[PDB]
Amino acid sequence: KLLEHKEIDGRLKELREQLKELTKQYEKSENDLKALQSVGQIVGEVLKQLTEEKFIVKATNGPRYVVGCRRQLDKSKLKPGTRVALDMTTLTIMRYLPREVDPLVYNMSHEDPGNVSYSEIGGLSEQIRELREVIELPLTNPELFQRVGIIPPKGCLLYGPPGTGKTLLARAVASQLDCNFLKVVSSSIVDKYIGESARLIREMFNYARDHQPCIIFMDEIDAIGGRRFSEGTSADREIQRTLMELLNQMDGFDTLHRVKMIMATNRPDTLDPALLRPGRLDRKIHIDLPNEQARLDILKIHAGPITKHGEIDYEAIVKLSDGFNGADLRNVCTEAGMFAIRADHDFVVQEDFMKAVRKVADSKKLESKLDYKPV
Amino acid sequence: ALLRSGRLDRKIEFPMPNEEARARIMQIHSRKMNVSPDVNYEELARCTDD
Ligand SMILES: Nc1ncnc2c1ncn2[C@@H]1O[C@H](COP(=O)(O)OP(=O)(O)OP(O)(O)=S)[C@@H](O)[C@H]1O
């Protein structure tokens with residue numbers, strides 16, 4: 001008859017858990033109700049300091065202003081060009097703020113996905129080693145390049161026929177150093193406006209200047225590059241100014257440091273000679289179609305995780321393979337799997353490879369002119 | 001660079017009806033019409049070239 005302890009503890013534990021969770025809800029709404037009344041502030045940048053009390057700032061939204069600090073704003077922090085906060089009404093300076101990020105950078109900074117490293121690509125062991133020697137060594141050990149006393153090369157240009165894996169080599173670097181790959185696709189830059197693209201270029205170059213080991217990567221340049229015109233369409237004017245933004249601030253007077261620019265194109269014949277000189281892009285690095293041993297290497301790289309039997313004359317497939325791509329023999333293995341699912345074999349027979357090779361032969365009877373050497 | 005192998009993968013052309021698919025297509029679109037069926041469609045497919 002002593003079960004009243006269990007009943008009292010039941011009601012008290014029910015009420016205690018209810019009070020804990022309900023006062024936790026009331027406390028969350030209490031903090032979110034306390035935080036209601038605050039008022040936002042104005043983002044502006046410091047042009048210059050006028051006097052000890054006077055400060056010349058220009059916000060991004062329009063005109064210029066002259067105000068002063070509050071009490072404890074520590075005026076030596078305000079270097080000319082810092083981004084600060086302003087009141088909406090009183091308009092004086094509130095708090096020094098860190099610099100902007102412009103999340104167009106972030107959508108091409110964080111959005112590196114995973115990948116397999118440079119053992120996945122192959123047959124082009126010149127360029128792999130050579131890009132390593134020209135990039136990784138003057139950023140890991142600069143004294144090898146200072147004992148000689150010769151300035152390191154800055155810009156590297158990948159070029160060649162389409163489909164040689166010009167993208168995936170930089171992607172392998174993006175799975176090797178993993179440091180600050182700002183892979184700009186260089187087509188989603190221009191949107192509609194007047195000087196927005198120039199400001200994005202300034203933003204990228206400031207951000208690369210600060211985070212000292214940055215890798216600049218601009219794929220498919222020829223859209224934003226061009227060469228020059230006799231002044232035809234009006235949007236091409238701002239195109240050429242957007243290009244001359246890069247032409248100045250890649251070189252300027254303030255030289256870049258550790259700002260390594262990796263460049264790739266579909267046809268390098270249409271670039272501007274303003275961009276084609278060394279200094280900006282130092283060494284032209286050429287990739288071409290795989291040879292017999294190279295086709296063997298890529299084929300046996302793709303033929304690794306494919307369910308088949310010990311019958312594969314790789315020499316036959318590479319023998320019928322003639323002047324192909326990174327993706328051609330990938331398409332060979334893919335269509336080999338396709339022909340495997342054709343007639344439901346559940347392994348890949350060796351004749352499916354010959355069928356896929358003749359499918360590639362059907363494909364590349366519609367393509368030509370694969371030799372664009374610049375200059 | 002629009003194709004190369006596998007930007008688009010399966011390169012598929014479209015043939016024209018050789019002979020028999022002509023009568024097939026005539027049968028398909030004439031399925032809705034009411035026909036007094038004194039018609040060899042194979043005559044018509046055998047005369048209408050290309
Ligand atoms: N030699 C290779 N070895 C292994 N995989 C390769 C090789 N070449 C190409 N690939 C693969 O095929 C893809 C082809 O990449 P691409 O997009 O053609 O590079 P790219 O510079 O964009 O070429 P274009 O001119 O735009 S078609 C790569 O992403 C790899 O997955």
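The helices (runs of 4 or more DSSP H) found entirely in region A:110-211 that carry 1 or more residues being under 14 Å from the mean Cα position of the chain (by Cα) and more than 22 Å from B:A1 (Cβ to Cβ) are A:196-210. Picking from residues in region A:145-167 that are over 15 Å from A:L276 (Cα atoms) and more than 14 Å from every other protein chain (Cβ to nearest Cβ), the one that is nearest to the ligand (Cβ to nearest atom) is A:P152. Only a single item in (1) of a type outside the set (V, I, T); (2) within 11 Å of chain B (Cβ to nearest Cβ); (3) more than 14 Å from B:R4 (Cβ to Cβ) is not met by A:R330, and it is number (3). Residues that are of a type in the set (G, A, S) and surrounded by fewer than 12 Cβ atoms within 10 Å (Cβ to Cβ) were ranked within region A:112-144; the one that is nearest to the ligand (Cβ to nearest atom) is A:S119. Any idea which residue in region A:212-239 is farthest from the chain's Cα centre (by Cα), counting only those that are surrounded by 20 or more Cβ atoms within 10 Å (Cβ to Cβ) and of a type outside the set (V, I, T)? Looking at the filtered set, the residue picked out is A:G225. For region A:335-375, name all the residues that are of a type in the set (A, V, I, L, M) and under 30 Å from A:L276 (Cα atoms). Matches in region A:335-375: A:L370, A:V375.
Note on region A:293-327: among residues that are within 13 Å of chain B (Cβ to nearest Cβ) and in contact with a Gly (Cβ under 6 Å, 6 or more places away or on another chain), the one that is surrounded by the fewest Cβ atoms within 10 Å (Cβ to Cβ) is A:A327.
The set of residues in region A:170-200 that are within 14 Å of A:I215 (Cα to Cα) and within 16 Å of the ligand (Cβ to nearest atom) comprises A:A170, A:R171, A:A172, A:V173, A:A174, A:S175, A:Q176, A:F181, A:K183, A:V184, A:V185. When A:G62 is tested against (1) under 30 Å from A:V173 (Cα atoms); (2) loosely packed, with under 11 Cβ neighbours inside 10 Å; (3) of a type in the set (G, A, S), just one condition goes unmet, and that condition is (1). Pairs meeting the criteria (first residue in region A:343-366 and touching a residue at least 40 places away in the same chain (Cβ under 8 Å) and more than 14 Å from chain B (Cβ to nearest Cβ), second residue surrounded by 13 or more Cβ atoms within 10 Å (Cβ to Cβ) and part of a helix (DSSP H, G or I), beta carbons under 6 Å, at least 6 apart or on different chains) are A:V348/A:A336; A:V348/A:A340; A:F353/A:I317; A:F353/A:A336.
When only residues in region A:205-251 that are away from the ligand (no atom under 16 Å from the Cβ) and either within 14 Å of another protein chain (Cβ to nearest Cβ) or touching a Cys at 6+ places or on another chain (Cβ under 8 Å) (or both) count, which is farthest from A:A174 (Cα to Cα)? Let's see the steps before the verdict.
Here is the first cut: in region A:205-251, the ones away from the ligand (no atom under 16 Å from the Cβ) are A:205-216, A:226-251.
From what's left, either within 14 Å of another protein chain (Cβ to nearest Cβ) or touching a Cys at 6+ places or on another chain (Cβ under 8 Å) (or both): A:207-208, A:213-215.
Numbers: A:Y207: 18, A:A208: 16, A:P213: 13, A:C214: 12, A:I215: 9 Å.
This residue is A:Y207.
Checking A:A303, A:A343 one by one, the residue that is away from the ligand (no atom under 15 Å from the Cβ) and small (G, A, S) is A:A343 and no other. The residues of region B:1-34 that are exposed (fewer than 11 other Cβ atoms within 10 Å of the Cβ), away from the ligand (no atom under 16 Å from the Cβ) and without any contact (Cβ under 8 Å) to a residue 12 or more places away in the chain, listed by number, are B:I12, B:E13, B:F14, B:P15, B:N18, B:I28, B:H29, B:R31, B:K32, B:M33, B:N34.
Neighbour counts are summed over all protein chains in view; Cβ atoms, including those assigned to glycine, are modelled from backbone coordinates with ideal geometry. Each value in this text was obtained by applying a stated rule to the coordinates, not by laboratory testing.
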